[PDB]
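J.: heads up, no residue letters with this:
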């Protein structure tokens, strides 16, 4: 059975409070769903979809065998007896239908159940997405991963030197050295392209590199203006391969 | 028109809603279900929901007149004494948000939610005010950030001794990048540098070997930052003539 | 006094808990005005609390404290006590019990404040943290005043030829490699003859990591290849080992 404990304005209100759109859910299994043959029984699961709260209380959905089943909550607000029904479908058919601003049936997938010919072999929930703008927090613990913006830049610095720069969170940069340097003196600026503004550090950064197949090393300074100063020893006309990773903060 | 739902207790629900979403009186929740329409020096909110002070209301074809050649700060104003129309919009020359607690006392709440810049003839750009979620501790599985994460940063300059200087920057109380400066002289391999030890908040759990480079040379050194904060020299021996020491090395505290 | 409001109260309770991402072991709490500390008492002037998705207000509500003690202030919710389901207690420990009052019977106890006293009055107060338990967050900007804890994995590799690597990976992305051991019998371009880097630490692209020979002016680098093998790119080393040290960093992604 399904209990359905409203107004369009409350639907919108609740969606805004929790930061959900029409393509996700809030979901809590208070007790575990139970698998029997080609069926899942939701014993006590609460769902919020489109800001509308409902409960799955010993509600069984029947499955297709040897398949990945996409379990959907389907909300039809005019079906005043049973507004919510469950379906098992061959694809994620979530439709993003706005049931608080317009007519229509909201379909939203919340579970993925894989079956053999005779029973359930695995279950994976659909993620519950909280879409937020700016967060001020004291502490955070992450069990998976944080995805931050990444930008890349290849710089032909001059004299054969190449830098491949990767910047994450607009702050941490790792520079990978490539190419082969020749015709440069200590203290000389390299003769090629300056580092693009978004990768320039606030203060001069000395990055250590290594000459491949040798026991010798160099460093370069990436200056705040984007210029690059050579601080290895003088190199004559024979190019020497330059390699290594160096890291700096922009901020 | 403005549809006023959480009004005429409404103050108890207001407080409840503010608490659930983590908002104070100086921010909003806001959703344009359809785009506002800009026409000459006017913005027409076609279908926008706002929560201000935990009070939910809708702007349905509600137009605000704008000042020309100006940055217009669009405010929602909530005055519970104006029983017939407790919410109104204004376009103002500054952000005049006032943080007034309308759920516990009298007063008019003003909160800016849009910034609309105009030429002489119409809207040239619109930028919403950010919706701030003020949270204490978060446990999350995964996060995607489109802008940036700001984490705490601490810096320390250490006169390590023998002319070596370290400038340490620590972020999230964990990742440290050390920048070498100064010039080293009169030191042997294996000796502790004769100066100041690294302050406790920058000390690593395990010894960290940081590679540096001698400016203008093909030669390098490393130092160890020991868990006790001491710094051990692991370049070759250096005589009386100082040699300039540079380079960035990174380590984790934890 | 305690004024109760959220008392289908069970369904609204679960609804509110789900909207804010709270379980039965935390609260939402806001002092709209400052509590008053008066001798061995705290007077909550105007404080709202949500516990188990139930909202209530502490209005001129005084809790007597033990002297020279750390007092754990609890909200206690017993839905069977219809006329006054909520009461406050000051206790010698955090005795929060996580009782599910919206699905089951029982008294929920949840600590929300820690009030420390001298012999005569309050010396400090510290609120209990309000925990938001969320699944996936999509955000524009975030500011953190404390710290972010991300996953950390470590790996020690007996790489071959005497070279040892200690790798630490954070957020499944940033790796810092610490070199140890002493290397011998290797040439430039040769793969180290030991254990390859485990799959979870392998980079998408070849990473050159610079190291230093302890007590010397000389340096080397190794390449960690996407297949997990490690290629020597120092000068050739004969039979006599040389101690290898240093930190190098790379991104996996």
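T.: It's in. Numbering: from 1, shown residues only, chains lettered A, B, ... in the order given.

J.: From now on I want contacts and neighbour counts done on CA atoms only, so please keep to that.
T.: Noted.

J.: Which residue ranges of chain A form helices?
T.: In chain A, the helices defined using DSSP state H lie at A:8-18.

J.: State the distance from the residue minimising distance to the centre of it to chain C.
T.: For chain A, the residue nearest the mean C-alpha position is residue A:147 (4.4 Å; CA atoms, centre = their mean). Counting by CA to the nearest CA, to the nearest Å, the gap from residue A:147 to chain C is 9 Å.

J.: Check residue A:115 too.
T.: Using CA to the nearest CA, residue A:115 is found at 25 Å from chain C.

J.: Chain neighbours aside, what residue packs nearest to residue A:208?
T.: Distance criterion CA to CA, 6 or more residues apart in numbering or on different chains; nearest residue to residue A:208, sequence neighbours excluded, is residue A:219 at 4.3 Å.

J.: Identify the residue nearest residue A:29 in space, chain neighbours excluded?
T.: Spatial nearest neighbour of residue A:29, chain neighbours left out: residue A:45 (4.3 Å); criterion: CA to CA, 6+ apart.

J.: coming back round to it: who touches the residue nearest to the centre of chain A in this structure?
T.: Applying CA atoms under 8 Å, 6 or more residues apart in numbering or on different chains to residue A:147 gives the contacts B:142-145.

J.: and residue A:3, bridged to which residues?
T.: residue A:55 (DSSP bridges).

J.: Does it touch residue A:56 like I think?
T.: Yes - using CA atoms under 8 Å, residue A:3 is in contact with residue A:56, at 7.0 Å.

J.: more neighbours, those two?
T.: residue A:56 (23 against 15; other CA atoms under 10 Å in any protein chain shown).

J.: Residue A:250 contacts residue A:197, correct?
T.: No - counting by CA under 8 Å, residue A:250 does not reach residue A:197; the two are 10.6 Å apart.

J.: if you count what's nearby, which of the two comes out ahead?
T.: residue A:250 (18 against 10).

J.: excluding its backbone neighbours, what's nearest that one?
T.: That would be residue A:201: by CA to CA, 6+ apart, it lies 4.2 Å from residue A:250.

J.: now do residue A:143
T.: Nearest to residue A:143 is residue B:141, by CA to CA, 6+ apart, at 4.8 Å.

J.: What is the end-to-end distance of stretch A:20-30?
T.: For stretch A:20-30, the first-to-last residue distance is 21 Å (CA to CA, to the nearest Å).

J.: what comes into contact with that stretch?
T.: With CA under 8 Å, 6+ apart, stretch A:20-30 has contacts from A:15, A:44-51, A:94-98, A:106, A:108-110, A:127-131, C:18-19.

J.: Over to stretch A:128-135?
T.: Counting by CA under 8 Å, 6+ apart, A:18-21, A:24-27, B:130-135, C:134-143 sit against stretch A:128-135.

J.: swap in stretch A:154-166?
T.: Counting by CA under 8 Å, 6+ apart, A:150-153, A:173-184, A:190-195, A:199, A:228, A:239, A:242 sit against stretch A:154-166.

J.: Derive a ChimeraX selection command for the buried subset of these.
T.: The buried residues among the contacts of stretch A:154-166 can be selected in ChimeraX (16 or more other CA atoms under 10 Å in any protein chain shown) with this line:
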select /A:173,174,175,176,177,178,179,180,181,182,184,190,191,192,194,195,199,228,242
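
J.: Quick check: strands, which of the contacts of stretch A:154-166 are part of them?
T.: Among the contacts of stretch A:154-166, DSSP state E puts A:150-153, A:173-181, A:228, A:242 in strands.

J.: just those residues now: which is nearest chain B?
T.: Closest approach to chain B among the ones in strands among the contacts of stretch A:154-166 (CA to the nearest CA): residue A:150, at 9.9 Å.

J.: which residues touch that closest one?
T.: Taking CA under 8 Å, 6+ apart, we find residue A:150 in contact with A:166-170.

J.: How about residue A:167?
T.: A:150-152, A:173-174, A:199.

J.: same thing but at 10 Å, please
T.: A:149-153, A:173-175, A:198-199, A:247-250 (CA atoms under 10 Å, 6 or more residues apart in numbering or on different chains).

J.: Would you mind measuring the gap between the ends of stretch A:115-132?
T.: 35 Å.

J.: Could you do stretch A:215-233 as well?
T.: For stretch A:215-233, the first-to-last residue distance is 13 Å (CA to CA).

J.: Now do that stretch: distance to the chain's middle.
T.: Once both centres are worked out by CA atoms, centre = their mean, to the nearest Å, stretch A:215-233 turns out to sit 35 Å from its chain's centre.

J.: neighbours of residue A:31, just the number please.
T.: If you count neighbours by other CA under 10 Å, residue A:31 ends up with 12.

J.: ok, now residue A:42?
T.: Using other CA under 10 Å, residue A:42 is surrounded by 22 other residues.

J.: same thing with residue A:142?
T.: Residue A:142: 20 neighbours (other CA under 10 Å).

J.: Look up the residues forming beta bridges with it.
T.: As for beta bridges, residue A:142 partners with residue B:140 under DSSP bridges.

J.: How about the contacts made by it?
T.: Here residue A:142 is in contact with B:138-143, C:134-136, C:148-151, C:171 (CA under 10 Å, 6+ apart).

J.: coming back round to it: wait, what's in contact with the residue nearest to residue A:208?
T.: Counted by CA under 10 Å, 6+ apart, residue A:219 has contacts A:186, A:205-210, A:229-233, A:246, B:212-220, B:246-248.

J.: now, the most widely separated pair of the contacts of residue A:142?
T.: Pairwise distances among the contacts of residue A:142 were taken by CA to CA; the largest, 17.7 Å, belongs to C:134 and C:171.

J.: Pull out the buried residues from stretch A:107-126.
T.: A:107-115, A:119-120, A:126.

J.: Nearest to chain C, out of those: which one, please.
T.: For the buried residues of stretch A:107-126, the nearest to chain C is residue A:126 (10.0 Å; CA to the nearest CA).

J.: follow-up on the earlier one: residues in contact with both of residue A:3 and residue A:56, list them for me.
T.: Common contacts of residue A:3 and residue A:56 (CA under 10 Å, 6+ apart): A:46, A:84.

J.: returning to that earlier point: buried only: go through the contacts of stretch A:20-30 for me.
T.: Looks like the contacts of stretch A:20-30 have A:15, A:44-51, A:94, A:97-98, A:106, A:108-110, A:127-131, C:18-19 buried, using 16+ other CA under 10 Å.

J.: No further questions, thank you.
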